[PDB]
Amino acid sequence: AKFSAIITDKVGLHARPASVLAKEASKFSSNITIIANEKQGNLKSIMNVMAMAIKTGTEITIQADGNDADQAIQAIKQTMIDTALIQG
């Protein structure tokens, strides 16, 4: 399962949103990867996500693989919207 979106947050994918996303992703059995530029990371890891240093305008792709992938993708998309990282 997957979705792509453009990061519209003016600070990028920074601590607050990364922390919230890592928490949310960690609930899922699925493997949840975040892809940006040439980098791929585990969305469940705040360090991994911060290390990606995703900045505004970057188009990211979230890929969920696993038994709860469909829920996971929606949960993650909503989370991004809720944290204002992306536009709903």
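All residue numbers refer to positions in the sequence shown, first residue = 1.
For the higher mean C-alpha B factor in the entry, choose 7-15 or 21-29.
According to the entry, 7-15 carries the higher average C-alpha B-factor.
Mind checking which third residue 49 falls in for C-alpha B-factor across the chain?
According to the entry, residue 49 has a C-alpha B-factor in the chain's middle third.
How does the C-alpha B factor of residue 40 compare with the rest of the chain: lowest, middle or highest third?
Tercile = highest for this residue's CA B-factor.
Residue 61: which third of its chain by C-alpha temperature factor?
Bottom third by C-alpha B-factor.
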